[PDB]
Structure formats: C-alpha cells, structure tokens
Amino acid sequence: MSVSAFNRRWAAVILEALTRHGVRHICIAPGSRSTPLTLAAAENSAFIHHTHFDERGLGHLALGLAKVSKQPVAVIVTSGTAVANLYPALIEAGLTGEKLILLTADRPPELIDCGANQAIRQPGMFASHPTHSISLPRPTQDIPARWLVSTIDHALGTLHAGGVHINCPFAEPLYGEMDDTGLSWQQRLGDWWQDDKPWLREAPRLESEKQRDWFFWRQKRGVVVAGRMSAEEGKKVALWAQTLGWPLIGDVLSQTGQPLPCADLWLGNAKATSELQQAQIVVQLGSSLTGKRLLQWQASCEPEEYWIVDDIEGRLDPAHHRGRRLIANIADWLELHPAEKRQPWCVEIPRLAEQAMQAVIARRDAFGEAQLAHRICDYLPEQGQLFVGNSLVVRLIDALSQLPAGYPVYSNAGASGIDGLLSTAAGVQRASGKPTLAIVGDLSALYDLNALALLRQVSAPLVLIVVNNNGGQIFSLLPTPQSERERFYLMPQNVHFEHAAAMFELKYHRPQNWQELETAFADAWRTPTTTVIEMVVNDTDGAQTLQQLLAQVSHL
C-alpha cells in the first residue's frame, strides 16, 4: 500500500533495535531522503536528540558523546556529500574505539548511476574504516522484520570498538499520513517490541588470556609507560607502578598524576637514557603517546620484551619490538597481573625529573602559551574535565605541566586531526554534564568555526581557550625550511575571535596578563554557558621556549 508508511515502519525497526544495545544519544542533520530515519528517531522516546547543520561537525559531536559516555552513539544524515562529511570522525573512531553508528539515507538502487539529483554510490564509500558495514536492501515486506533486526543485532552485538556504517535506501514517496502498511509485518516480532533485549543476542568478548609468567617478569627491572586510558585507570596504574618500584612515564592523556613529570625534557638527558637501558621489560598501558622524546625513546629502547596493554585491537608499537600485544580492559588487566612491593631500581631519573620541573617553574612568569600550558593545572574546573586540542597545546601540556591523578582528560589523538575539535568538545561536555575546559589553537578554531553554534548549548560552563599565535606554530618547532615556512606551512590567517563569539552570542575575553586571565576564568565558571577566552601570544615564543628547555635539561 503506502510506500511512505512502510519506509517509516522499516526505519522504526532499525531505530528500536539500536535502543537494545545501549544507544541513547542520536545526532541528526537535516535532509529529505533521511525522513524515515529521522521521523522514526523523533518518535522514539529512548533517545536524546542532538542536531547540527554541518555533517562533519555532527560526526565529531557524536564522537565526543561516545568518547565520554563509552556507549554507541547513532548518527542520521541524508544522501550525498552529507554522508562523505562523516569520514573524519569515523576514521578517528576506528583508531580510538568510539562506537559510532552511522545511519546514512540513500536513494534506492533504481536511482543510482543515472544522473539523479543528490544520488551517489554509498555502499562501501568508507572503505576499510568502519568496523562493520551493512548495506541494507531496498525496503520490502518480502524480507521479514526478523532479518532486519537480526542484521542490526549482529553488527551491534559483535562490535568490540569503532564505527558501523549502515546504508539505508528509501524510495519516494517519503511523505504522507501513516496508515497500517507494514503493521502486521512489524507484529511478526511479537512482544520483542515490549522487551529490553536484542532479538538476536550475539555478544562474543575479545580478550587476551592472563600472562602466566607475569610473576617471573615482575621481578625484573621494568619501566611502566602510561598512554591514553580512563581517569580511574590512571590512578590504578600509578599505584601499581609505585608498588612495583618501576619508574612511571605518564602521558598527558594518562591521568596518572605524572610522578616523573616533564618526561619530554628529561628523556633528552643522557643520564636518563643510560639508566633506562637497564630495563629488561617495558609494560606500556594505553597508547597514542604524545611526546617526541618519549616516542624516540620507545623506538630506541631494547628490552628483552615490550608489552602493550590496551582495549583497542591490533599492533600499537610503531617500533615493532619483540614482545606482546595484550587486548584487555586496563583495570581488569591490572587485577590479573598484580604488583608486589619491591624496592625501586631507579636512582637518577627521579632527581632529573624534579630538576626538569624546577627549570620550567623558573620560566613560569612570561605571558605565553608555554607558560599557560605549564600552569594549566591552576585553571582546571573543580569536578570537571579537560579537552586538549592537537598540535602545540597537547605537546606543551605534556612536556611542561603535571596534571592531577584521576582528573579526566579527553582528546582526538588517534589521527590527531585539527578538523573537529570544537564540535568534539561540545559532545564531551554534553555527555558528562561536567564543567569543561577546552584548549585549541587558532587554525584549529578556524577549521571548526561553525561548531560555535553547538557551544551555544552546554549543560555546564565550558571555557574554550583559543591560543592565537597566528598560524600553525608547530611548523616553527619542526625544522621546516625558512623561505617557504610562512606561506606554505604556518599559514597565518591574521584574525581574532571576538566577532566569532559575538556572532553566536558567546561571552568573550582577550586577557592581556595573568590577572586578567584569572578574572576571566572566575567570570566564566559562573553560568552553564560557553565562554571564549582568546590568548594572543607572540608567534614563535612557545616553540622556542620548548626548545630552550629541552636543551637546558639535556645538560643537567
């Protein structure tokens, strides 16, 4: 009977199926071809709905929600380039594990490759980047509802991590009153409609077995390297390493409290690398290590064995050491491989680390981005979370600051894109409802500028610091050629962000000194709104300061 009615019945099964796998948040962009999905979603009381007009920002908004909530988040877009714009968030999700469920509306098969408007080839368009890809057939009652829900349940049930592409063709008519078309078809699922479980429960778990020789290896001289993990895992790793008597090299993304802070500096000292040569095992928990010195030490070190523990799959050691790749929840893994109190074997490095931090503290006064990074632990909102952008800020905080154990830090450090940091920050805030400090560079803020529209709706104060050093000053840190550097690398855009904030009715500060910065923060945390704080600094000071501190510490 009614094609428009059956479309919506077909879509309703898809959306209800997702609710059985923990999907609560759904992000929707506008369109006509997506009508069946969007109307099914709007009518379903299980969902929290988010909307946005930029599908690239929408994908990153979903990414942020998933990142914090640790639950699958659904996305609906219409056919065409709308779908292509989801690629960046999907790729990042493939690397760091967020479960993004992309429901992409499509033209029906009879309107593909025939010059039809807004019709493109969508099945397989994300290549190997989704964990799962489902290309749904043209809706028909001749395919039973139990097949459709089973297909969804397989994809969601077996999803360890990463994105799922569900391509959803619908034929016109898309609009019209609902009649009973497809009602008996849906009712073939019986009381599944009132159930809270999937139709098909397929939920195999992926996990490495416990290492039976751990009690032998924990007696050796080891090093613990902590990369990205949960806030609670960071605290557990810190206690575990301390009990082992092993030095802990903690990333900015680890939330370990970084008991040997400024590793990007002291790892540059020969006394440190000499001491680390005594390590017979390295146990790394988490991944996406930030610092250049740490990545260089990892690459050069030659322990008998190198282990990486993390809940994402695949090789995670870019230096390809002999060793082990252990897939596990980090907290669970630590219970299975407990520490026993042993005397610490390091003597030189704890001293060097304190001296490194003292060197940074000596240079804390200048009103620059290096100093802001070093001091950032003074501006963290109480009971809040930090979102750190890419390029210099994550590098400077990692090298120069000591972040509190267990204080939540979030980032897009898988592919380290500068293309979705504001929209991601918005999702991070909405997911937890916590006060949020987000720090990004100027090109980063320009890239995702229209995500300021989203930041008009936050459930707690969000401070967005934009460090404006007029270009991508990471290319003043890298040894790029001087003659081509400004035009072809730095690409200064010579803007400020006061008018951007005004456009979206966001409070704005451009503090000129530390006192004005503290005043701006004091103002900002008072209300559940986003405040833009623009820190304008001399282009190359941050990069040069990092270089000078590396050199100073290397001579200790």
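Throughout, we count residues from 1 along the sequence that is shown.
- Averaged over CA atoms, B-factors in the entry run higher in 471-479 than in the other of 282-290 and 471-479.
- Taking the mean C-alpha B-factor of each stretch as recorded, 216-224 and 170-178 are not equal, and the higher mean is that of 170-178.
- In the deposited coordinates, the residue among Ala524, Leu58, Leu517, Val495 with the greatest CA B-factor is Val495.
- Within the group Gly80, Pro461, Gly115, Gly157, the record's highest C-alpha temperature factor is found at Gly115.
- Sort the chain's modelled residues by C-alpha temperature factor and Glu209 lands in the highest third, per the entry.
- Ranked within its chain, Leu336 lands in the middle third, by CA B factor from the PDB record.
- The deposited CA B-factor of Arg138 belongs to the middle third of values across its chain.
- Looking at the C-alpha B-factors along this chain, the one for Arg351 belongs to the highest third.
- Ranked within its chain, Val68 lands in the highest third, by CA B factor from the PDB record.
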